[PDB]
Amino acid sequence: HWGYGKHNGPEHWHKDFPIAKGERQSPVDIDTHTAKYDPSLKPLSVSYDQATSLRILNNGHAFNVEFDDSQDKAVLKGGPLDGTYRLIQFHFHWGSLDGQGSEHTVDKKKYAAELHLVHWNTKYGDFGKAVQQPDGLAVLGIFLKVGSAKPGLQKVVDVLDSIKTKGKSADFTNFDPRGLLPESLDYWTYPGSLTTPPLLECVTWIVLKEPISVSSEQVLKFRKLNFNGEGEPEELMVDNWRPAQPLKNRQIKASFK
Ligand SMILES: Cc1cc(=S)c(O)co1
Ligand SMILES: [Zn+2]
């Protein structure tokens, strides 16, 4: 089945998911010189005060921190979006080394990891129906650079020992995702896709310009997770990123000058 290795990695996905070679795939390189400022964009509105985290799950390709999305508790709106998108989960993609790990790049620069906060458009009723639509999702992407620790990340780092292998989950209530955000909400935006199979083209990407700093020890702990299940040979969960894909007939817009 799909993964990130030589025999089942990004270069193979198109055989089971032909949309891998579609017209709006993600991630992409963000060429900051060619991203035009769009003064009709709005400030983003990130309303996470009432976020209800539930659980953390190692799904065999990342760990997802999941939220109660059965009411408008943690929502994204404004910016490029029409209407209201509800937070369902966040996750990261990261490298085996601090020089790689992000999916988006910025003038070909790779960051050590990238956080994705995944939201679905409430006009579609739930996540499953939203992923059948070209405006079903909004993903807020945030780059991680290695430097000072990110205090708000530490409760995620400290539970990873309990979900080392594929299929393990742990209670993860009362986590506040506001502690993962940088100071500025300046962003780039473009239409794209999920970056994992099934690679569906549902996503308004909103990628923050300001990275967050995380400590080398924090990202080291991500790299101790396993892609395999318990009792299977150990394969460290590293390099779970898809490389930049062709921009095709797309323009990336900037919310800032
Ligand atoms: C739904 C979903 C979204 C992203 S961004 C991902 O990597 C996996 O699954
Ligand atoms: Zn992702």
# chains A, B, ... in the order shown; residues from 1 in each chain; ligands from 1
>>> residues_around(residues="residue 49 in chain A", least_positions_apart="6", cutoff="8 Å", atoms="only C-alpha atoms", output="list in words")
residues 73, 74, 176 and 178 of chain A
>>> residues_around(residues="residue 101 in chain A", least_positions_apart="2", cutoff="12 Å", atoms="only C-alpha atoms", output="JSON, numbers by chain")
{"A": [92, 93, 94, 95, 96, 97, 98, 99, 103, 104, 105, 109, 110, 111, 112, 113, 114, 115, 143, 144, 145, 146, 219, 222, 223, 237, 238, 239, 240, 241, 242, 243, 244]}
>>> write_last_selection(atoms="N, CA and C atoms", output="CSV table (one decimal), in the first residue's frame")
chain,number,residue,atom,x,y,z
A,92,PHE,N,1.6,16.8,11.3
A,92,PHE,CA,2.8,17.4,10.7
A,92,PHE,C,3.4,16.4,9.7
A,93,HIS,N,4.3,17.1,8.9
A,93,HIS,CA,5.2,16.3,8.0
A,93,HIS,C,6.6,16.8,8.4
A,94,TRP,N,7.6,15.8,8.4
A,94,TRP,CA,8.9,16.2,8.9
A,94,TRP,C,10.0,15.3,8.3
A,95,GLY,N,11.3,15.8,8.5
A,95,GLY,CA,12.4,15.2,7.8
A,95,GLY,C,13.2,14.2,8.7
A,96,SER,N,14.1,13.5,8.1
A,96,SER,CA,15.1,12.7,8.9
A,96,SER,C,16.2,13.6,9.4
A,97,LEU,N,16.3,14.8,8.8
A,97,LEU,CA,17.4,15.7,9.0
A,97,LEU,C,16.8,17.1,9.1
A,98,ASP,N,17.4,18.1,9.8
A,98,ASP,CA,16.8,19.4,10.0
A,98,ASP,C,16.7,20.2,8.7
A,99,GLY,N,17.5,19.9,7.7
A,99,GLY,CA,17.4,20.6,6.4
A,99,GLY,C,16.2,20.2,5.4
A,103,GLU,N,6.7,20.3,3.1
A,103,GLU,CA,6.1,19.9,1.8
A,103,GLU,C,6.1,21.1,1.0
A,104,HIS,N,5.5,22.2,1.4
A,104,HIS,CA,5.7,23.5,0.7
A,104,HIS,C,7.1,23.9,0.9
A,105,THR,N,7.6,24.6,-0.1
A,105,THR,CA,9.0,25.3,0.0
A,105,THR,C,8.8,26.7,-0.3
A,109,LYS,N,13.4,26.9,-0.6
A,109,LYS,CA,13.9,26.5,0.8
A,109,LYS,C,12.9,25.5,1.5
A,110,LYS,N,13.6,24.4,2.0
A,110,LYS,CA,12.8,23.4,2.8
A,110,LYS,C,13.0,23.7,4.3
A,111,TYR,N,11.9,23.7,5.0
A,111,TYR,CA,11.9,23.8,6.4
A,111,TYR,C,12.0,22.4,7.1
A,112,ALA,N,12.2,22.4,8.4
A,112,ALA,CA,12.5,21.0,9.1
A,112,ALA,C,11.2,20.3,9.2
A,113,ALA,N,10.0,21.0,9.2
A,113,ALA,CA,8.7,20.3,9.2
A,113,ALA,C,7.6,21.3,8.8
A,114,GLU,N,6.4,20.8,8.7
A,114,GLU,CA,5.3,21.6,8.4
A,114,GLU,C,4.1,21.1,9.1
A,115,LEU,N,3.4,22.0,9.7
A,115,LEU,CA,2.1,21.7,10.4
A,115,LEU,C,1.0,22.0,9.5
A,143,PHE,N,5.1,26.5,8.8
A,143,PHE,CA,6.5,25.9,8.8
A,143,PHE,C,7.1,25.9,10.1
A,144,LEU,N,8.0,24.8,10.3
A,144,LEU,CA,8.7,24.7,11.5
A,144,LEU,C,10.2,24.8,11.2
A,145,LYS,N,10.9,25.7,12.0
A,145,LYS,CA,12.4,25.8,11.9
A,145,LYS,C,12.9,25.4,13.2
A,146,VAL,N,14.1,24.8,13.1
A,146,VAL,CA,14.8,24.4,14.4
A,146,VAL,C,15.6,25.5,15.0
A,219,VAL,N,11.9,18.1,17.5
A,219,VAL,CA,11.8,17.4,16.2
A,219,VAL,C,12.4,16.0,16.3
A,222,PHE,N,9.8,13.6,17.3
A,222,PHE,CA,8.9,13.2,16.1
A,222,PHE,C,9.6,12.0,15.4
A,223,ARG,N,10.9,12.0,15.2
A,223,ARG,CA,11.6,11.0,14.4
A,223,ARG,C,11.8,9.7,15.1
A,237,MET,N,9.5,6.7,11.5
A,237,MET,CA,8.7,7.7,10.8
A,237,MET,C,9.4,9.0,10.6
A,238,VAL,N,10.0,9.1,9.4
A,238,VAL,CA,10.8,10.2,9.0
A,238,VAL,C,10.6,10.4,7.5
A,239,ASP,N,10.8,11.7,7.1
A,239,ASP,CA,10.6,11.9,5.6
A,239,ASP,C,9.2,11.5,5.1
A,240,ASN,N,8.2,12.0,5.8
A,240,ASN,CA,6.8,11.7,5.4
A,240,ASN,C,6.2,12.9,4.7
A,241,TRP,N,7.0,13.5,3.8
A,241,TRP,CA,6.6,14.6,3.0
A,241,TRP,C,6.6,14.3,1.5
A,242,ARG,N,5.7,14.9,0.8
A,242,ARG,CA,5.6,14.8,-0.7
A,242,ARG,C,6.4,16.1,-1.2
A,243,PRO,N,7.2,15.9,-2.2
A,243,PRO,CA,7.9,17.0,-2.8
A,243,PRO,C,7.0,18.0,-3.6
A,244,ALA,N,7.5,19.1,-3.8
A,244,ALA,CA,6.8,20.1,-4.6
A,244,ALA,C,6.3,19.5,-6.0
>>> closest_residue(among="A:141, A:1, A:59, A:192", to="residue 252 in chain A", atoms="only C-alpha atoms")
A:192
>>> closest_residue(among="A:225, A:130, A:236, A:220", to="ligand 1", atoms="only C-alpha atoms and all ligand atoms")
A:130
>>> residues_near_ligand(ligand="ligand 1", cutoff="8 Å", atoms="only C-alpha atoms and all ligand atoms", output="PyMOL selection string")
chain A and resi 91-93+116-118+139+193-197
>>> write_last_selection(atoms="N, CA, C and O atoms", output="short mmCIF file (atom, residue, chain, number, x, y, z; two decimals), in the first residue's frame")
data_model
loop_
_atom_site.label_atom_id
_atom_site.label_comp_id
_atom_site.auth_asym_id
_atom_site.auth_seq_id
_atom_site.Cartn_x
_atom_site.Cartn_y
_atom_site.Cartn_z
N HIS A 91 -1.81 17.75 11.99
CA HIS A 91 -0.68 16.79 11.85
C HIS A 91 0.50 17.50 11.31
O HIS A 91 0.42 18.67 10.95
N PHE A 92 1.60 16.77 11.25
CA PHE A 92 2.84 17.37 10.70
C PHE A 92 3.43 16.44 9.66
O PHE A 92 3.13 15.22 9.63
N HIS A 93 4.30 17.06 8.89
CA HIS A 93 5.23 16.30 8.01
C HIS A 93 6.61 16.76 8.37
O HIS A 93 6.80 17.91 8.68
N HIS A 116 0.00 21.06 9.45
CA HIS A 116 -1.23 21.23 8.68
C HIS A 116 -2.39 21.14 9.62
O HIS A 116 -2.63 20.09 10.26
N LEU A 117 -3.17 22.22 9.65
CA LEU A 117 -4.42 22.25 10.45
C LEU A 117 -5.54 22.16 9.45
O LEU A 117 -5.68 23.04 8.57
N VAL A 118 -6.24 21.05 9.52
CA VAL A 118 -7.20 20.66 8.42
C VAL A 118 -8.62 21.03 8.86
O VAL A 118 -9.06 20.61 9.95
N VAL A 139 -6.77 24.19 4.43
CA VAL A 139 -5.66 23.74 5.31
C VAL A 139 -4.75 24.90 5.58
O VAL A 139 -4.30 25.57 4.64
N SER A 193 -4.52 20.52 -3.25
CA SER A 193 -4.99 19.18 -2.93
C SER A 193 -4.54 18.70 -1.57
O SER A 193 -3.65 19.32 -0.93
N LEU A 194 -5.06 17.54 -1.15
CA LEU A 194 -4.39 16.81 -0.05
C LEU A 194 -3.02 16.38 -0.54
O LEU A 194 -2.82 16.07 -1.74
N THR A 195 -2.06 16.32 0.38
CA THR A 195 -0.68 15.92 -0.09
C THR A 195 -0.40 14.44 0.19
O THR A 195 0.72 13.96 -0.03
N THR A 196 -1.40 13.75 0.74
CA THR A 196 -1.35 12.27 0.88
C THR A 196 -2.48 11.70 0.07
O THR A 196 -3.52 12.33 -0.14
N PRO A 197 -2.28 10.45 -0.42
CA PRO A 197 -3.44 9.76 -1.00
C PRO A 197 -4.64 9.90 -0.05
O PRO A 197 -4.51 9.71 1.17
#
>>> select_by_dssp(residues="range 38-254 of chain A", states="strand (DSSP E or B)", output="ChimeraX atom specification")
/A:44-47,53-58,63-67,75-78,85-94,105-106,109,113-121,137-146,169-171,187-192,203-208,212-214,226,236,253-254
>>> atom_distance(atom1="CA of residue 134 in chain A", atom2="CA of residue 51 in chain A")
25.6 Å
>>> atom_distance(atom1="CA of residue 250 in chain A", atom2="CA of residue 27 in chain A")
12.3 Å
>>> select_by_dssp(residues="range 22-161 of chain A", states="alpha helix (DSSP H)", output="NGL selection string")
:A and (127-130 or 154-159)
>>> write_last_selection(atoms="N, CA and C atoms", output="compact mmCIF listing (two decimals), in the first residue's frame")
# COMPACT_ATOMS: atom_id res chain seq x y z
N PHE A 127 -17.06 15.98 6.98
CA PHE A 127 -15.78 15.88 6.28
C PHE A 127 -15.87 15.02 5.05
N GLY A 128 -16.56 13.84 5.19
CA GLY A 128 -16.68 12.94 4.02
C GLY A 128 -17.37 13.57 2.80
N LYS A 129 -18.34 14.44 3.04
CA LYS A 129 -19.04 15.06 1.90
C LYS A 129 -18.19 16.22 1.37
N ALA A 130 -17.54 16.89 2.30
CA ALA A 130 -16.65 18.04 1.91
C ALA A 130 -15.56 17.56 0.96
N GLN A 154 4.94 21.22 23.41
CA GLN A 154 5.53 20.18 24.24
C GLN A 154 4.53 19.13 24.68
N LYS A 155 3.25 19.45 24.90
CA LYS A 155 2.38 18.37 25.32
C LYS A 155 2.19 17.36 24.18
N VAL A 156 2.28 17.81 22.91
CA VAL A 156 2.24 16.80 21.82
C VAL A 156 3.50 15.95 21.87
N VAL A 157 4.67 16.58 21.98
CA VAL A 157 5.95 15.80 22.03
C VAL A 157 5.92 14.77 23.16
N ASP A 158 5.39 15.15 24.31
CA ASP A 158 5.45 14.24 25.47
C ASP A 158 4.53 13.02 25.42
N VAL A 159 3.53 13.03 24.53
CA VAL A 159 2.64 11.87 24.42
C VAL A 159 3.08 10.88 23.32
>>> closest_residue(among="A:185, A:122, A:43, A:63", to="ligand 2", atoms="only C-alpha atoms and all ligand atoms")
A:63
>>> residues_around(residues="residue 168 in chain A", least_positions_apart="3", cutoff="12 Å", atoms="only C-alpha atoms", output="list in words")
residues 55, 56, 57, 58, 59, 60, 62, 63, 64, 159, 160, 161, 162, 163, 164, 165, 171, 225, 226, 227, 228, 229 and 230 of chain A
>>> residues_around(residues="residue 46 in chain A", least_positions_apart="2", cutoff="7 Å", atoms="only C-alpha atoms", output="ChimeraX atom specification")
/A:44,48,75-77
>>> write_last_selection(atoms="N, CA, C and O atoms", output="PDB file, in the first residue's frame")
ATOM      1  N   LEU A  44      -7.181  36.705   7.828  1.00  0.00           N
ATOM      2  CA  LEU A  44      -7.689  35.452   8.221  1.00  0.00           C
ATOM      3  C   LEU A  44      -8.361  35.636   9.588  1.00  0.00           C
ATOM      4  O   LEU A  44      -7.945  36.538  10.375  1.00  0.00           O
ATOM      5  N   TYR A  48     -10.060  29.714  17.662  1.00  0.00           N
ATOM      6  CA  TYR A  48      -9.791  28.433  18.309  1.00  0.00           C
ATOM      7  C   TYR A  48     -10.058  28.415  19.831  1.00  0.00           C
ATOM      8  O   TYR A  48      -9.745  27.407  20.476  1.00  0.00           O
ATOM      9  N   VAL A  75     -12.892  27.304  14.377  1.00  0.00           N
ATOM     10  CA  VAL A  75     -13.173  27.551  12.936  1.00  0.00           C
ATOM     11  C   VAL A  75     -12.230  28.550  12.308  1.00  0.00           C
ATOM     12  O   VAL A  75     -11.700  29.468  12.957  1.00  0.00           O
ATOM     13  N   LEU A  76     -12.056  28.367  11.008  1.00  0.00           N
ATOM     14  CA  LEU A  76     -11.303  29.230  10.149  1.00  0.00           C
ATOM     15  C   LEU A  76     -12.273  29.893   9.199  1.00  0.00           C
ATOM     16  O   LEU A  76     -13.142  29.254   8.599  1.00  0.00           O
ATOM     17  N   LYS A  77     -12.143  31.192   9.063  1.00  0.00           N
ATOM     18  CA  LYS A  77     -12.920  31.918   8.048  1.00  0.00           C
ATOM     19  C   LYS A  77     -12.142  33.133   7.601  1.00  0.00           C
ATOM     20  O   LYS A  77     -10.995  33.290   8.035  1.00  0.00           O
TER      21      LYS A  77
END
